[PDB]
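Residue numbers (the deposited numbering), protein chains in the order written: chain A, 13 to 51, 69 to 95, 102 to 395, 411 to 517, 524 to 663, 700 to 898, 907 to 934; chain T, 432 to 517.
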C-alpha cells in the first residue's frame, strides 16, 4: 500500500517512508548484510540510471544506523575534488566519527590510551600519502620509510598502506563499540573520470573483514570504464603496429577476459542486488503485483480511494493520444513503464499539475508539453523540429517522414507505434503520436492533409522511387527534395508531384490505367467506331466542371499527358474546410493544377452565361460548409487509426489498377456489366474504394464510440463490386436504428466525407453503373441508402433511370467522361458475358 | 555479444531479437536456434548458455508461450537465411 503524492518535492534526500518504492528488496539486503558480517565483502545494488539508487543508500544506511554495525555517512566520489583520492575522504570522514566518540569517552585513563593509538594510526597513514600523492618518488625519501618499530608488529616491510588502513579501521571499530564499519558509495553517472580511482582503491584496501562496502551505479558504465583502462595498459606502438583484424579481435578478447574477471572478483555475484523496475512491481495487465503502488494527481483525494497507477496512466495517455480504450493503449503504457524513475515520475507530475491548474480541455496539449521536457535527448538526436512555435502543418509531416526512414520499414513507419528496438525511434514515436493528436483535433483540413502527405509519401517512395549501399541514402536524399516534403502548399499540389511519381513508370502494353488515376486521350486516332472521341471542356454543366476541376492533374513531358486524378478531390476539399470563408478558396483552390501548377519530368526519367451557372453549385456547397463547420468540433483521431485509414485506402485503389487493367473492351460504350471497364468505371471504383475503406474501421477505432458497429463477420475491399459494402450499410444502419445512435456521434468524418457536394457528381456516373437483372436492383438499393445518408436528393427520379435503364446534360453526373477515350488502350478486345 | 540486459524489457520480442543477434555473431543460421554452447569463441559460448537458460526459464510451466517463440524464435532465423540471405 504505497501512496504517491506528486505535489511533494520528491527529491532523493527528502522523500519519506510512505513514498518509498522498494522495501522488500531493502530489508532482505539489510538482514543479509548483518548475516554476512555476523560470521570480498562488497555489496553492489544495480539499477537503471536515475532509478531510486540515492533513496536506497539512504534507506539502508539509516536502517543500519537506527548486530551493532556503525555505518559511515553517504559519500559521493563525484561530490569531491577532482584530484582528491577517496581514501583521503574516507579517513577524514571516519576521523570525525572516531573523534566524536573520544569526546564522549573523555576524561578517563583509557581516553589517553585510545587516543595515543589513534594519533599513531593517522601519523603512520599520513606517511603513505607521500607514497601515493607524489608525482615521482625521490630516493632522498628512502629514509622516511624503513624506520619501522616493534610497535603493532608490521607484518609487511616498508610503508605498506594496505595493513595501515586495516589496522586503523579495526582500532576505529572497537572505539566505535561496533564489530564492523560500513562504507556507502554513490553513483558516478554524472562525473565518471573518478570512477577508475574508485575501482582501484576498492580492491586494494577495502578487503578487511571489519569493513563492508556498498556501491551503486550501472554495470554497463563500469564495463566501458574498465575496458578503456585495459587498452591503455597495452604499449602504444603495439596498437598501431599490429592492425590486423584477427589480432584486433584476439587482443580485444583478452581485455574482455581481463574485464570479466575484474568485475567478478571486485563485485561477487551473490552480493550483487538487481533492483526492481516499476513495471516488475506494478505488474502486467492481469498479473498480480508484488507491491501495491498507487499514485495521486491532486493532494485532495483520500489515500484509500486514490486512483491506481494503471488507471492513472491509462486514461491520461489515452486522452493525451486521442485513442479508444483497449490493447492499443496497453502497449503504449507497456513502453512507458520501461522508462526510468525520474522520467516517468516527472511526466506524471507535470502533466497532472497542468490538468489540475487548467481545470481549476486539450488533454494532448498538456501531454505534449509534459513529455517535451523529458524526452529531450532522443528528440535532439532524431533531427526533429525543436522550436516551440513551429508546431505546424508541414514541419510535423516532414519530421514523421524521416522518422520512418530511420525506421527503414516503409510499410509500418507511419503508424507511430512506440515498439521500436532503438531508443531514438521509440522515444520519437510516442512524441509524434502526442503532437498529431493536437493538430488534428477539431479539424478536417489537417485530418485529410496529414492522412495523405504523411502516410503515403513513404509508400510511394518504395513503390516507385526505391525500385554499394549509398543508394539507400541517395534515394532518401533525392526524395525529400523532389517530393518537397515539408514544403507547405495546397493539398492537391502535394498530389501533383505524386502524380508524376505515379506516372513515371509506364505499365505493360501501355494500358492507360494507373493507381486510381484517369488518363484522358487528346490525340486523334483514325477510324474510331462507337461513341469515343475527344472529351469536350465547354459543353457540360458547372457541377461536373467543378468536380472535374477538383479532379484534374497536369504533368508536362516531351509528350504532355493530362490527368484526372482522384487525390485532387481530397486535396481540394482539404483547404476548403480551413479557409471556410472569404468566397475565394471556393473559387481559387480549384484552379492552380489545371494550368498554373505544371509538374516537370523527374530527373531520374528517360523521356446561359459561362460563369453564372456556377452559382447553383456554390449555394449547395455553402450549405454543406455551414453544416460541417459546426460538426467538426468533436474530432479526436489517432495516428495509428489514421495510418491504417490511409493504408486501407492504399490497398483499396490497387484493385482497380490491376484487375481492371484488362477489363477494357471495344463494346464498353456506356457499359452495363462489371466485366467491361470504361473511363467512367475506373474512377467510379476509385471513389467507392476511398469511401468504403474509411467506413470499415472508423467504428473499429474511434474517439466517441465504445464498441464496433459492424459486429462480427468478414471485412474486405471491393475488387469487382460493392456487394459486401452494400451489406455493411444495412448492418450498421439497422444498428444505428435498432439502437438509437446518431450518425455524427459515431461516424463524424464519414458523415462529412460521403455527403460532400465535391465528390457527389462522380458517385453516379453514366457509364460506371453495374446494370443487370439483379446487379442494377442492388445499385438502386445502394442509391437509396446513399441518398438516405447524405440527406439531400442528389440524383432525381428521371436522371437515375435515364442512365441505369439504357442530349441530356445533368449536373450531378459527368455525361461525356464514359465516352472519353484513354490513350494507349484503344479497346481492342471484346466483351464476354454469361 | 550485444544482447538485452534491462530487467523490464525481458519478453518474447527481446528474446527473439537476442536469439537472432546471437545467431548472427556465430553465423550459424542452421543450428543457431539450438542454442548450443559449442562455438569456438568462449564469450560467444558463454552467451549461448545465457540464452539457453532464458529459453528454458520462461518456458517452464507454459505451453501458450512455447508456441509463440517456436513461430518467431525458430522461424525468423530460418526464413531470413532462406529468403533474404539466399
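Backbone N, C-alpha and C fix where the C-beta goes; we use that ideal spot for every residue, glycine too.
- Residue 612 (chain A) places its beta carbon less than 7 Å from that of residue 654 (chain A).
- Using a Cβ-Cβ cut-off of 7 Å, residue 440 (chain T) counts as an interface residue toward chain A, since at least one Cβ of chain A sits closer than that to its own.
- DSSP places residue 497 (chain A) in the helix class (H, G or I) of the three-state scheme.
- Of the residues assessed, residue 604 (chain A) falls on the buried side of the cut-off, its CB having 16 or more other CB atoms within 10 angstroms.
- Counting only Cβ-Cβ distances below 8 Å, residue 455 (chain T) has no contacts in chain A at all, with the closest Cβ about 14 Å away.
- For the region 359–374 of chain A, the beta-carbon criterion of a distance under 8 Å to any beta-carbon of chain T is satisfied by 372 and 373.
- For the alpha helix (DSSP H) assignment, the region 448–478 of chain T encloses no uninterrupted run of at least 4 residues.
- Put simply, of A:249, A:631 and A:853 the residue whose alpha carbon is nearest the alpha carbon of residue 70 (chain A) is A:249.
- Taking 4 residues as the minimum length, the alpha helix (DSSP H) runs contained wholly in the region 715–751 of chain A are 731–750, in order along the chain.
- In the three-state scheme derived from DSSP, where H, G and I count as helix and E and B as strand, residue 246 (chain A) is classed as strand.
- Among the residues facing chain T, residue 312 (chain A) is included, as its CB has a counterpart in that chain under 7 Å away.
- With the criterion set as a beta carbon lying under 9 Å from some beta carbon of chain A, the members of the region 450–483 of chain T are 472, 473, 474 and 477, in sequence order.
- Nearest CB-CB separation between residue 291 (chain A) and chain T: below the 7 Å threshold.
- Within 7 Å of the CB of residue 496 (chain T), no CB atom of chain A is found; the nearest one sits about 13 Å away.
- Residue state for residue 617 (chain A) is assigned as strand, using DSSP reduced to three classes.
- Considering only A:892, A:884, A:339 and A:165, the residue with the shortest C-alpha distance to residue 873 (chain A) is A:892.
- Apart from sequence neighbours up to five positions away, no residue of its chain approaches residue 562 (chain A) with a beta-carbon distance below 6 Å.
- Beta-bridge annotation (DSSP): residue 309 (chain A) is paired with A:75.
- With a cutoff of 7 Å on beta-carbon distance, residue 757 (chain A) and residue 929 (chain A) are scored as near each other.
- Pairing residue 783 (chain A) with residue 650 (chain A) gives a Cβ-Cβ distance that is not under 7 Å.
- If you draw a 10 Å sphere on the C-beta of residue 74 (chain A), you find 16 or more other C-beta atoms in it, and that means buried.
- The DSSP-derived three-state label of residue 70 (chain A) is coil.
- Residue pairing for residue 589 (chain A): DSSP places it in a beta bridge opposite A:920.
- If you ignore the 5 residues before and after residue 877 (chain A), its C-beta comes within less than 6 Å of the C-beta of 821, all in its own chain and listed in chain order.
- Bounds of the alpha helix (DSSP H) holding residue 239 (chain A) are 230–240.
- Under the 8 Å Cβ criterion, the region 592–604 of chain A does not count as touching the region 789–801 of chain A, having fewer than three qualifying pairs.
- Secondary structure of residue 424 (chain A) (DSSP, three-state): coil.
- The C-beta distance from residue 376 (chain A) to residue 79 (chain A) rounds to 6 Å, short enough to fall under 8 Å.
- About 18 Å separates the CB atoms of residue 196 (chain A) and residue 231 (chain A); that is not less than 8 Å, and the two are not in contact.
- Across the structure, residue 607 (chain A) and residue 787 (chain A) are spaced so that their CA atoms are roughly 22 Å apart.
- Neighbourhood of residue 288 (chain A) in chain T, by CB distance below 8 Å: 472, 473 and 474, in chain order.
- For residue 315 (chain A), the chain T residues whose Cβ falls inside 8 Å of its Cβ are 438 and 439, in order along the chain.
- The Cβ atoms of residue 640 (chain A) and residue 624 (chain A) do not sit closer than 7 Å to each other.
- The CB of residue 309 (chain A) comes closer than 7 Å to the CB of 438 in chain T, given here in chain order.
- Rounded to the nearest whole angstrom, the C-alpha separation of residue 509 (chain T) and residue 559 (chain A) is 38 Å.
- Three or more Cβ pairs closer than 8 Å define a contact, and the region 107–118 of chain A meets that threshold against the region 222–240 of chain A.
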